[PDB]
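First the structure, which I've put down as structure tokens, then a few questions once you've had a look.
Ideal geometry is used to build each Cβ from the backbone, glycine not excepted, and the neighbour counts take in all protein chains shown. Throughout, read-outs are computed from the coordinates displayed, never taken from laboratory work.
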Amino acid sequence: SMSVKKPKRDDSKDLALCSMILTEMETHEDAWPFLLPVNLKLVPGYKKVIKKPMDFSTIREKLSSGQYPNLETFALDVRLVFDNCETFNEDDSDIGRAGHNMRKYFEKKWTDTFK
């Protein structure tokens with residue numbers, strides 16, 4: 001509350017560390033469904049069904065231009081990429097499986113880097 005603060009967690013490396021995580025996501029072999037925005041002209045249903053499209057290139061541009069106020073807003077956009085994938089793709093598909101694998105990969109890097 002006013003003039004009563006919890007001890008200051010060091011957040012000065014968060015930007016660099018989120019960039020490293022995102023690099024590792026970009027270079028994973030199952031990243032290919034997620035590297036670029038879904039083409040809304042060429043994928044029937046996507047525009048109407050997926051209210052907030054997100055992809056790694058879009059996260060990379062937001063990261064690079066100071067559009068994440070903190071590390072939690074960054075994790076929300078990464079998770080959105082996988083939540084979107086699960087909304088649109090059967091679990092038993094190459095893309096569905098890719099999404100589950102990437103989410104698992106991300107969540108471990110996240111816990112190990114920050115928790």
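Between residues in region 77-93 that are on the phi < 0 side of the Ramachandran plot and residues that are part of a helix (DSSP H, G or I) and surrounded by fewer than 13 Cβ atoms within 10 Å (Cβ to Cβ), which pairs lie under 9 Å by C-beta distance while being six or more apart or on different chains?
Pairs found: 87/49; 88/49.
Which of the following residues is touching a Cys at 6+ places or on another chain (Cβ under 6 Å) and part of a helix (DSSP H, G or I): 82, 74?
Residue meeting the stated conditions: 74.
Per-residue answers, yes or no, for (1) under 21 Å from residue 101 (Cα atoms); (2) loosely packed, with under 12 Cβ neighbours inside 10 Å:
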| residue | (1), (2) |
| --- | --- |
| 15 | no, no |
| 30 | yes, no |
| 36 | yes, yes |
| 42 | no, yes |
| 54 | yes, no |
| 57 | yes, no |
| 68 | no, no |
| 71 | no, no |
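Something else now. Being in a helix (DSSP H, G or I), over 14 Å from residue 104 (Cβ atoms) and among the hydrophobic types (A, V, I, L, M, F, W, C) is the filter here; which residues of region 18-35 pass it?
Selection gives 18, 20, 22.
Sticking with this structure for a sec: Which one of 38, 4, 43 is in a loop (DSSP other than H, G, I, E, B), in contact with a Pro (Cβ under 7 Å, 6 or more places away or on another chain) and of a type in the set (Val, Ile, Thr)?
38
Do you know which residues across region 66-90 are hydrophobic (A, V, I, L, M, F, W, C) and within 8 Å of the chain's Cα centre (by Cα)?
The answer is 74, 75, 76, 78, 80, 81, 82.
For region 85-103, which positions are of a type outside the set (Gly, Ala, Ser), under 19 Å from residue 49 (Cα atoms) and either in a helix (DSSP H, G or I) or in contact with a helix residue (DSSP H, G or I) (Cβ under 6 Å, 6 or more places away or on another chain) (or both)?
Answer for region 85-103, where residues must be of a type outside the set (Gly, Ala, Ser), under 19 Å from residue 49 (Cα atoms) and either in a helix (DSSP H, G or I) or in contact with a helix residue (DSSP H, G or I) (Cβ under 6 Å, 6 or more places away or on another chain) (or both): 85, 86, 87, 88, 89, 90, 95.
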